[PDB]
Amino acid sequence: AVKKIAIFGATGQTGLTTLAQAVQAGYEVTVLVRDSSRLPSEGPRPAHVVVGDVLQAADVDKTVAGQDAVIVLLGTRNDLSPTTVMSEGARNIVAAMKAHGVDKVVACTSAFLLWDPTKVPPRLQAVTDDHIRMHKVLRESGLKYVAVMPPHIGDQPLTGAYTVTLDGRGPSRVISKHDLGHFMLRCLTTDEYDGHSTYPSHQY
Ligand SMILES: NC(=O)c1ccc[n+]([C@@H]2O[C@H](COP(=O)([O-])OP(=O)(O)OC[C@H]3O[C@@H](n4cnc5c(N)ncnc54)[C@H](OP(=O)(O)O)[C@@H]3O)[C@@H](O)[C@H]2O)c1
C-alpha cells in the first residue's frame, strides 16, 4: 500500500491535525516547512523534515523524493491578498512527483470552485483565483488527483462521521479541520475518488 507520504502545508490549520492523524495511522511522513517552530515538538511527529519553501523546486524535489503519495494543504492563513503561491507551489509539486514516479496527489482547494463564480464573496476572490489556477495545474498534470473542495473549515472536534459528496456541492456548509484531515488520509486508501471533486461536510 501507501506507506511514505509527503505533506505540504503541514503546519497550517488543517495540516497540523492531518500530520498527527497520519502519524498515528502508521504513515512515514515527510513535511516541507518554512519554520520548524510551527511543528509540534512532542507527540505525533513526522519522520522526516525538509526546511524550505514550496516556491523553490529543489526544496519540493527533496520532499517528494521516495514518496508513495502527496497531500497538499497549502494556503495563505489570514492573508487574503492576490497570490500565486499555491498554483506555483503546485507546479513544483507536480514536476517533482513526475520526476520521482509518484502518482497519487490529494489536494485541498475550496468549495467555491463548485460555485457560480459571480457568487464568491469579494474579500475571497483573490485567494479563490489562485485555487482555480492550482486546480487547473493538477487537472492538467495527468496524475491521480483527488480534488478536495471543502466549505468553511471549523474547529469542531473530530467525528469521522462526515458526508462526502462527489462532483457537487454538499448539504452542509462546514467541515471541521479534524474531519477534513481525516478525509485527506481516507483518500490514500482508495482510488474511488481519483479524478473527481470531493466535498466533505457535516453538521456539528
Ligand atoms: N478557512 C476556510 O474556511 C477554508 C475554506 C475552504 C478552503 N480553504 C482552503 O483550504 C486550504 C487549507 O486551509 P488551512 O486553513 O488548513 O491552511 P492554513 O491554516 O492557511 O495553513 C497554510 C499552510 O500553507 C503553508 N505555506 C504557505 N506558503 C508556503 C510556502 N511558500 N512554502 C511552504 N509552505 C507554505 C503554511 O506554512 P507556514 O506555517 O510557514 O505559514 C501553512 O502550513 C487553503 O488553501 C484554504 O484557502 C479554507
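Rules behind the numbers
- Residues numbered from 1 in each chain as written, not as in the entry; some residues may be left out.
- Heavy atoms only, no water.
- UniProt positions renumbered as here; feature names shortened; annotations may be inferred.
- Near = heavy atom within 4 Å.
- Polar contact = N/O pair within 3.5 Å; in protein donor to acceptor, adjacent residues only side chain to side chain.
- Areas by Shrake-Rupley, 256 points an atom, 1.4 Å probe, with all protein chains shown as cover.
- Nonpolar A, V, L, I, M, F, W, Y, C, P; charged D, E, K, R; others polar.
- Helix = DSSP H or I, 4+ residues; strand = E, 2+ residues; numbered from the N terminus.
- Buried < 20%, exposed > 50% of the residue type's maximum accessible area, 1.4 Å probe, protein only.
- Contact = heavy atoms within 4.5 Å.
- Expected span 1.5 Å × (residues − 1).
- Salt bridge = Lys/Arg side-chain N within 4 Å of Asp/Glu carboxyl O.

- As recorded in the entry header, the structure was determined using X-ray crystallography to a resolution of 1.90 Å.

- In the nomenclature of the PDB entry, the chain is known as Flavin reductase (NADPH) of Homo sapiens.
- Each PDB entry has a title, and for this one the record gives "Human biliverdin IX beta reductase in complex with NADP in space group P1".
- The UniProt entry for the chain carries the following text under Subunit: "Monomer."
- Its UniProt record gives the chain the following Sequence similarities comment, quoted word for word: "Belongs to the BLVRB family."

### A few points about the site of the ligand
Moving on, step 1. Close to the ligand lie 25 residues, the nearest being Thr-11, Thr-14, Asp-53, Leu-74 and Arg-77.
Moving on, step 2. At 2.7 Å, a side-chain N or O of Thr-11 approaches an oxygen atom of the ligand.
Moving on, step 3. Contacts to the ligand include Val-54, whose backbone N or O atom sits 3.0 Å from a nitrogen atom.
Moving on, step 4. Relative to its free-state accessible area of 930 Å², the ligand is covered by the protein chains to the extent of 87%.
Moving on, step 5. For the shell around the ligand, a count of residues per class yields ten nonpolar, eleven polar and four charged.

### Section: the side chain of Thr-11
Moving on, step 1. Assignment of secondary structure puts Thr-11 in the loop between β1 (4–8) and α1 (13–25).
Moving on, step 2. According to the relative accessible area criterion, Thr-11 is buried, its value standing at 15%.
Moving on, step 3. Residues within four places of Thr-11 in sequence aside, it is in contact with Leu-16, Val-33, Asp-35, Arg-38, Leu-39 and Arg-77.

### Looking at the environment of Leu-80
Moving on, step 1. For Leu-80, the position within the fold is in the loop between β4 (69–72) and α3 (85–99).
Moving on, step 2. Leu-80 sits in the partly exposed class, given a relative accessible area of 37%.
Moving on, step 3. For the pair formed by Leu-80 and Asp-155, sequence separation is 75 residues and the distance between their alpha carbons is 20 Å.
Moving on, step 4. Residues within four places of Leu-80 in sequence aside, it is in contact with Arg-123, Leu-124, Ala-126 and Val-127.

### A few points about helix α5 (residues 177–189)
Moving on, step 1. With 13 residues, α5 extends 19 Å from end C-alpha to end C-alpha; this agrees with the ideal 18 Å at 1.5 Å per step.
Moving on, step 2. Along α5, the positions that sit buried rather than exposed are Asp-179, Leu-180, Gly-181, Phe-183, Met-184, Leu-185, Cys-187 and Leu-188.

### Some thoughts on the side chain of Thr-198
Moving on, step 1. For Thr-198, the position within the fold is in strand β10 (residues 197–201).
Moving on, step 2. Residues contacting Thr-198, with those up to four places away along its chain left out, are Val-146, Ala-147, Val-148, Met-149, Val-164, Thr-165, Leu-166, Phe-183 and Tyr-193.

### Some thoughts on the UniProt feature "active site" in the chain
Moving on, step 1. Cross-referencing UniProt, the feature "active site" maps to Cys-108 and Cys-187 in the present numbering. In sequence the annotated residues extend across 80 residues, while in space they remain close, none of their C-alpha pairs exceeding 11.7 Å.
Moving on, step 2. Topologically, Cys-108 is positioned in strand β5 (residues 104–108).
Moving on, step 3. Residue classification places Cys-108 among the buried residues on the basis of a relative accessible area of 8%.

### What about the pattern of salt bridges?
Moving on, step 1. Evaluated as defined, the whole model comprises seven salt bridges.
Moving on, step 2. Salt-bridge contacts for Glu-42 lead to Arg-45; the nearest nitrogen and oxygen are separated by 3.9 Å.
Moving on, step 3. Given the relative accessible area of 61%, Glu-42 is considered exposed.
Moving on, step 4. Measuring nitrogen to oxygen at the nearest pair gives 3.5 Å for the salt bridge that ties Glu-88 to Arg-91. Of this pair, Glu-88 and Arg-91 are both found in helix α3, three residues apart, which corresponds to roughly one turn of the helix.
Moving on, step 5. A relative accessible area of 46% means that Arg-91 is categorised as partly exposed.

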